[PDB]
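Just the one chain here, the form deposited in one PDB entry, laid out as structure tokens.
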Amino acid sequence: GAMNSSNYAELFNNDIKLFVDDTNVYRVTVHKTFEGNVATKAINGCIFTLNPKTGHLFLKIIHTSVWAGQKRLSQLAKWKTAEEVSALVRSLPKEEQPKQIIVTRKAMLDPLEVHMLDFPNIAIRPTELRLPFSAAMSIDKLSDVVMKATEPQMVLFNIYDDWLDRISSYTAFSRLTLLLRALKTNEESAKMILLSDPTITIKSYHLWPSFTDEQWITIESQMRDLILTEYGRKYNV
């Protein structure tokens, strides 16, 4: 059934699972026409498919050409998501295929179920958690590869960098969700926190800066403050 706080440690057991977030698949700018009407212009998007145990991010870039001449794009985007996730599963060796796929939005349940009819033993699950995966496009290297794409493309990243050499999957996921929650609540401040000290760099092969254990504790505390800070600015507390 649904994934929630009660069954949270299941994410880090040894049954392969993937989260699928479709928030950033269909992205538009809304603008005025010369006649003073409103129109949309699509921009490239992406499916965010993540193994929370290993940090494996299968980033399928959705190029704007896939919308050309199509109607009801927000509905189509869910089905296109499910088609691409199904294609990814089929492309993986049997021993790498997931035993569960957790969708971050319940509207993805039926499209994914239908596309995965050929895999009756893969469970398609919703979640009660409000995960901040929409903020994925606030990670500069991910946004860069999405916006530069000129055709459909899959790009493989590890979203935990090398953190699993020093921390467990549970702790890595908590750190990731904290960083993303911060970027989602106040992107400018969050990014200021992450880069303020010019001596800490992001390795070419990494997404986040190369913080020591002690520096991660400081960083993590600053992100919590921000999420609380912004929570006051919003609710006047």
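Rigid core: the largest C-alpha set superposing within 1.5 Å between the two forms. Don't overthink the numbering: it's just position in the shown sequence, from 1. Residues that one form lacks are left out of the comparison.
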State which stretch shows the higher mean Cα B factor in the entry: 167-175 or 32-40.
32-40
Out of 207-215 and 56-64, which one has CA B-factors that are higher on average in the deposited record?
207-215
Among the choices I47, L50, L180, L195, identify the one whose CA B-factor in the record is greatest.
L195
Given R72, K141, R90, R130, the residue at which the Cα B factor reaches its maximum:
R130
Could you tell me which third, lowest, middle or highest, the C-alpha B-factor of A9 occupies within its chain?
middle
Lowest, middle or highest third of the chain for the C-alpha temperature factor of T104?
lowest
Taking the C-alpha B-factors as the PDB entry records them, is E113 in the lowest, middle or highest third of its chain?
middle
Could you tell me which third, lowest, middle or highest, the C-alpha B-factor of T81 occupies within its chain?
lowest
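One more form of this protein exists, namely the form deposited in another entry; it is left out here, but the text below deals with it.
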Only residue that shifts (Cα, 2 Å or more, rigid core superposed) between this form and the one not shown, among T201, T33, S168, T212
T33
Report the moving segments between this form and the one not shown: consecutive residues, 3 or more per run, each with a CA shift of 2 Å or more after superposition on the core, given in sequence order.
29-40, 229-237
